[PDB]
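Visitor: so I've got this experimental structure, pasted below with the sequence.
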Amino acid sequence: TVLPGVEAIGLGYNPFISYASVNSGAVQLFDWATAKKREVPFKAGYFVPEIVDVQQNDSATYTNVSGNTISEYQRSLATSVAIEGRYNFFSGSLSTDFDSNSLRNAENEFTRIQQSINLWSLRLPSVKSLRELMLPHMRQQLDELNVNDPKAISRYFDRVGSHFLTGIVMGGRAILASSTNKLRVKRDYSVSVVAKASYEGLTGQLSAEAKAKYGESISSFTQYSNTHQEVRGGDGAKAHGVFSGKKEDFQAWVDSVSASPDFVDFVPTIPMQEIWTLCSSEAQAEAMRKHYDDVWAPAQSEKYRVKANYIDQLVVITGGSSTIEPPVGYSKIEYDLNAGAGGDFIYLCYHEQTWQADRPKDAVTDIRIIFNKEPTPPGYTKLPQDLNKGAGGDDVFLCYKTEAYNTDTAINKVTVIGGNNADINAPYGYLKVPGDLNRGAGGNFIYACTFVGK
Amino acid sequence: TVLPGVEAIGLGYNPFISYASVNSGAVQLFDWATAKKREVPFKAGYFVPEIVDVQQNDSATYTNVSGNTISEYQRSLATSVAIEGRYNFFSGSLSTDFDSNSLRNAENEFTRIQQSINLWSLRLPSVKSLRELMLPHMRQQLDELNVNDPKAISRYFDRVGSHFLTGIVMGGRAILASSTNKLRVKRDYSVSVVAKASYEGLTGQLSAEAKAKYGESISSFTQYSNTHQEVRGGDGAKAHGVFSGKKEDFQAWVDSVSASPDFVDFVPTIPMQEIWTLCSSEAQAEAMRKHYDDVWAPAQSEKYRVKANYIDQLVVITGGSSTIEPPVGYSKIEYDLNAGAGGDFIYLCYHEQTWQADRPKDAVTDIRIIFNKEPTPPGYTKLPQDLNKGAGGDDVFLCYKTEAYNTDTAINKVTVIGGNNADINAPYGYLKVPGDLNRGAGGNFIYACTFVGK
Amino acid sequence: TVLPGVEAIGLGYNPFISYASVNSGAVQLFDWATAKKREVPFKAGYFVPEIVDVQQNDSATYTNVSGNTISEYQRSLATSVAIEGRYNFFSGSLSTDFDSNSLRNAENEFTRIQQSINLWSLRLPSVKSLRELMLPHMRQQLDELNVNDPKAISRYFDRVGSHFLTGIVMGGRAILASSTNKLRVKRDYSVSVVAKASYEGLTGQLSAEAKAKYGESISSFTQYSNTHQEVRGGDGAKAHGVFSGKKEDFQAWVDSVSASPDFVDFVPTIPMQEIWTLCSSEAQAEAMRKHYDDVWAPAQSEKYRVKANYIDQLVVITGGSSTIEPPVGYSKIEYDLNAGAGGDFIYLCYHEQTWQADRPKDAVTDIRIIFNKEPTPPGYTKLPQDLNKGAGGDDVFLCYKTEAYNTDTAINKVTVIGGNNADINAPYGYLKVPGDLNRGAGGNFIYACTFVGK
Ligand SMILES: [Mg+2]
Ligand SMILES: [Mg+2]
Ligand SMILES: [Mg+2]
């Protein structure tokens, strides 16, 4: 009887596809049916190939990743494992942890809370005899790889993986992933704290005193965030009970992870080894390593870089009540451009465009206010509504310029801010336009603020 | 005893016919009865051919695909699998996920929510010895393929498939597919969020707090969308219970998927391999690969491109009450062209034509308003009803031009918008015609808006 | 023990006779008693000939076909299977899905809702060794076919079929076929939506919320349509329970399909192969293929083309009450030709003739109104009743021309439309005649509208 996980160690792995999942590896490079076995010291009746070192490490454990923005989350994710380079490792998990719009939505900040239920971990040393344990066809394929063609190496890394697993933890994990509107959730605590506290709440691990302390903070987090939930290892008939809010259901799953563990986490010291560790020629290793970091890992990292949504069109709507509503394609900035100035209610509305590789639109890239009679600046559009309509004052018109999309300049968000002071502060990172949308009218000073993510 | 799924790995597959279904593959290329077996480490008493690598990966998992338009959904679907080129892969599933009119209806946006219930996954390496495992008649047929005739290669890809499966996940899946009127569903959340939340509601996975938060949003989604439901793997006598709204029925199905799993999903890293990987001559592979992407995959992708419905005829109806009703062939734009102007109620009505390959009609391609006495512009039709009938003012007449169908110019939708401002905003992507359908009359300004999908 | 369905794969098949039914195939071309067997991996204790590939695909599935007109339904039916050419494949099913008058009735639109209960599917590869498995007399008959006589080939395709089955799905199916009066059913949803929803209602699959949403729409669909119902596979003593409105009865049938499945659907990728794939001489294949598409498939497709009913005679009836009634041979257009004009009630009545191949009558092909004293136009008939009898005004008479039947010009329907506006709109695709049937009288303007299906 082989120890569970011997099938999963040595598996050829693609870092970018996913984190700590076997779906990220393509086929097993090493032959362990033929190899000499060793009995597992702590689990008599189970055997492993003598090359692997298996340590018991029974320990329920946390791995938490967070970032105020996706490009930050992608780096705190990538650095969660001892691995070389700045590449967006594990970043393929984004496509399944988070809703695709919510990755593109620049108002979100992201947290992933993973409770690993460790049981044991299998380790594989970097000794030169590893080559002798490869399956013959795998060794033959690697030995005949035509490293004189970049496409062959690139296909090899794609088809076989760039690394192979050398550190495995076998157990269970429950994960909660969440994206949270960072403009509107309560800031009393860091979102990782209320993320973890709400994860503990959903699993019932949150104590009576913590439940009171976090309990008011987690409701704000709960309503303003999209919590994806998943669970792995253990009895799938009990896996759905872990988020049942009841400790007996969570423990009933934990009591099943021991029977049927899965690959859930890496061993921090030696998670995986590069595939050219196994090739017999140093000149082959040089070509493969050179291709890996000169070409393949750059392209793979770039192909997992996520754009933000951007504004492509603005409109203004006017009417006699607070509840007037934009054309269906647009969404409304809820601050009245005549707030306190009387007259008509006026609202600024925008369209945010999803970026597309083959047909990016223009973004909006600049906005200006031109007032009474000044001509529209060269190449700007102008909205025909007077932004003091009914309010009196001077005639106010807003103009904006559109240009082909560039991440350096496509405006991601806009807002309107107003108050009694002329020197009013925009939200952090926003730039406000000069000129008052109630110039000459009564009421508040009002300014349009613009935000670019870069 | 062979492990379930050994019959399904190596199956020759057509990407375009469907996603993650065995109905998309035509016959098994590899002979695994003769081949040397290996016992499955985690399932003693089951065996596999020694070539395949089987990993346990017991993990309930989500794959979600969405798009504001079908051409977007077709690309988010195609990119849901690591596969080469921009072709409309898996796009044959459209014919069974969605109602055919609803694919043609440009007011719809599309979401597919799939919960895969994974159990294990079978992997097959790209080693050169695969050729030795092919069935002799399959190898003989591939070896004698007359690649000097494009029709022979095209028939081979059609009859045998262009790829073969190298990554298989065996388990269950429940799918909800929905098309939703994007003009009228609530925009509080992205439709993928309320799609997933309503899927969780139908399966009972939605929590008490999420049920409150989403519960008001999902009813709007529910009434304004056509949710197709299907389920695969597990006991077919319990499969219909999964959408019973009750967790005990859903779990009772999950508890049966473990006994009788099906091919439900791909392994993301190595889903399928090109068929010319197996041909012995590189000159044959060049001809097959060249034909695949120069001819066959283009034609197959194009033959899955979906037109939108288009307007081919307009009429106006007039009468003494709000509830007057068009001729049966037409449908009514519910905004009165004398709203606030008194007189007769007037409504604009249209026919939307289904596109046909052998007999496309004319579409409407331009609309104009000509008012009192100006002659009808060259080649335009004119509607005889005065669009201020009973309202006084100037005599208003609407004219439109029709031309043979072209996706670049066939108008897909029209609407009438009106309000107190002359500078009123059309819905996003609509173009409004110049001139007021109440010119000289009282009441609102009213304009006809036109939309082309391209 | 042979797997159920081995008798049905390889069966020589006629596409035109029916869809997915064994009654459409004439005798089995291949000998599988002698052939070497293979045990079915997923059903130990059942065997198949080693040539066939059997995949389990347990999946309850939908195939839906719809069209606003029969010639559209015939094409959406024909294209429901991957098969070559524009021929009216499967069109023989019309004679049993729909009432013959209702195919001829141009007011109907057609929907077929099929729920396939798949269990497994048998596949047969296009390998050259198929010829070796043919039964000797079948091979001898094909080898001696005198392809120098078109009648011999035509008789062979008629007697033996033009194709043979290569893809089989074994299971059950329940079908609802319906023809619906497209002029009078509610247009809130597409008829395929309320067809499917009412099918789900009859089988009990419609949910509580869908039952409310569709429930008012399905009653209109139900009363205005003729739903044929049939069921196939499973226990015939439980088959009639599937439309019992009760899920327990439907599931009780599904639980019996697993014991006694039938041929219910095709495998989409490889449904059937042309019969000249099996002939040994390419010169024979050329003659057979040339005959198939030059002669036989055209004639078979044409012999399944359905005419519409047409108007052959018109009469007018006059009297003192709304409820006056035509001569028994005619049916009445319910709009009074003196509506609002007082006097006598006047109604226009018509006879619609069934087309006959050996004795087509004249159709009506033109209609005119000649008023007071103008002579009857050359070759027109005239109705003697004044269409302002009792109403005063000018004397109104309707004239019509009859000509030998032609689908290009035989008028299929007529109607009378009236209202306060002179510029009133006819129903879509109708043409209204000039002149008012109340000219000089009071009341509404009234016009005769004519419709030709072509
Ligand atoms: Mg203002
Ligand atoms: Mg008007
Ligand atoms: Mg009259």
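Guide: It's in. Numbering: from 1, shown residues only, chains lettered A, B, ... in the order given. Ligands and ions are numbered 1, 2, ... in the order given.

Visitor: so is stretch A:412-421 next to chain B?
Guide: No. Against chain B, stretch A:412-421 shows no contacts by Cβ under 8 Å from any Cβ of the partner chain, the least distance being 15.9 Å. All C-beta spots, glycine's among them, are computed from the backbone N, C-alpha and C.

Visitor: cool, stretch A:153-169 as well?
Guide: Yes. Residues of stretch A:153-169 contacting chain B under Cβ under 8 Å from any Cβ: A:158-161.

Visitor: distance between the ends of that stretch?
Guide: 30 Å (Cα to Cα, to the nearest Å).

Visitor: would you mark the buried spots in it?
Guide: A:153-154, A:156-169 (16 or more other Cβ atoms under 10 Å in any protein chain shown).

Visitor: got the buried residues for the helix or strand harbouring residue A:131?
Guide: Residue A:131 is part of helix A:130-133, with elements assigned from DSSP states H and E. Counting neighbours by 16+ other Cβ under 10 Å, one finds that the buried residues in helix A:130-133 are A:130, A:133.

Visitor: packing partners of that helix?
Guide: Here helix A:130-133 touches no other helix or strand, going by 3 or more Cβ pairs under 8 Å, 6 or more residues apart in numbering or on different chains; DSSP states H and E.

Visitor: can I get the CA coordinates of that helix in CSV?
Guide: C-alpha atoms of helix A:130-133 as CSV (Å, rounded to 0.1, in the frame of the first residue of the first chain):
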residue,chain,number,x,y,z
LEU,A,130,16.8,11.6,-9.9
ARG,A,131,17.4,11.2,-13.6
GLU,A,132,17.7,7.4,-13.0
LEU,A,133,14.1,7.4,-11.6
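
Visitor: ok, then the element right after it?
Guide: Using DSSP H and E, the next helix or strand after helix A:130-133 towards the C-terminus is helix A:136-143.

Visitor: contacts for that following helix?
Guide: A:27, A:29, A:31, A:131, A:134, A:156, A:160, A:275, A:278-280, B:51, B:125-129 (Cβ atoms under 8 Å, 6 or more residues apart in numbering or on different chains).

Visitor: report the angle between the axes of the next helix or strand after it and helix A:136-143?
Guide: Counting by DSSP H and E, the element after helix A:136-143 in chain order, helix or strand, is helix A:150-160. Angle of helix A:150-160 versus helix A:136-143, following axes from the mean of the first three to the mean of the last three Cα atoms, to 10 degrees, is 150 degrees.

Visitor: checking my notes, residue A:365 in a strand, right?
Guide: Yes. According to DSSP: H, G, I helix; E, B strand; the rest coil, residue A:365 belongs to a strand.

Visitor: closest to ligand 2 out of the buried residues of stretch A:153-169?
Guide: Ranked by distance to ligand 2 (Cβ to the ion), the buried residues of stretch A:153-169 are led by residue A:158 at 63.6 Å.

Visitor: ok, now which ones touch that closest one?
Guide: Residue A:158 touches A:14, B:82, counting by Cβ under 8 Å, 6+ apart.

Visitor: now it: how far from residue A:95?
Guide: 17 Å (Cβ to Cβ, to the nearest Å).

Visitor: now render the residues of stretch A:153-169 next to chain B as CSV, adding distance to residue B:118.
Guide: Shown next, in CSV, are those (distance: Cβ to Cβ, whole Å):
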residue, distance to residue B:118
A:158, 22
A:159, 22
A:160, 22
A:161, 20
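
Visitor: now the residues you listed in CSV, with distance to ligand 3?
Guide: Listed next are the residues of stretch A:153-169 next to chain B as CSV, based on distance: Cβ to the ion, whole Å:
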residue, distance to ligand 3
A:158, 80
A:159, 82
A:160, 86
A:161, 85
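
Visitor: where does the stretch 151-300 of chain A come near chain B, residue by residue?
Guide: A:158-161, A:202, A:222-223, A:226, A:228, A:230-233, A:236-237, A:239-240, A:243, A:245, A:260, A:262.

Visitor: which residue is the nearest non-sequential neighbour of the closest residue to ligand 3 within the stretch 351-454 of chain A?
Guide: For the stretch 351-454 of chain A and ligand 3, the shortest gap (Cβ to the ion) falls at residue A:384, measuring 53.0 Å. Among residues not flanking residue A:384 along the chain, residue B:423 sits closest, at 3.7 Å (Cβ to Cβ, 6 or more residues apart in numbering or on different chains).

Visitor: what's the answer for residue A:32, then?
Guide: residue A:49 (4.6 Å).

Visitor: list the beta-bridge partners for that neighbour.
Guide: residue A:37 (DSSP bridges).

Visitor: wait, isn't it in contact with residue A:7?
Guide: No. Contact criterion Cβ atoms under 8 Å: residue A:49 and residue A:7 do not qualify, at 11.2 Å.

Visitor: so the residue nearest to residue A:384 touches residue A:382, yeah?
Guide: No. Contact criterion Cβ under 8 Å: residue B:423 and residue A:382 do not qualify, at 10.6 Å.

Visitor: tell me the buried residues within the contacts of helix A:136-143.
Guide: Buried members of the contacts of helix A:136-143, counted by 16+ other Cβ under 10 Å: A:27, A:29, A:31, A:134, A:156, A:160, A:275, A:278-279, B:51, B:125-127.

Visitor: ok, which pair from those is furthest apart?
Guide: A:279 and B:51 (22.2 Å; Cβ to Cβ).

Visitor: which residues sit against stretch A:378-398?
Guide: Stretch A:378-398 has contacts (Cβ under 8 Å, 6+ apart) with A:314-318, A:337-338, A:341-344, A:346, A:348, A:366-373, A:376, A:399-402, A:435, A:437-443, A:448, B:421, B:423.

Visitor: rewinding a little: tell me how far the residue of the stretch 351-454 of chain A closest to ligand 3 lies from ligand 1.
Guide: According to Cβ to the ion, to the nearest Å, residue A:384 stands 15 Å off from ligand 1.

Visitor: now name the helix or strand holding that residue.
Guide: Using DSSP H and E, residue A:384 sits within no helix or strand.

Visitor: and for it, the neighbour number?
Guide: Residues lying near residue A:384 (other Cβ atoms under 10 Å in any protein chain shown) number 11.

Visitor: same question, the one 10 residues further on
Guide: If you count neighbours by other Cβ under 10 Å, residue A:394 ends up with 16.
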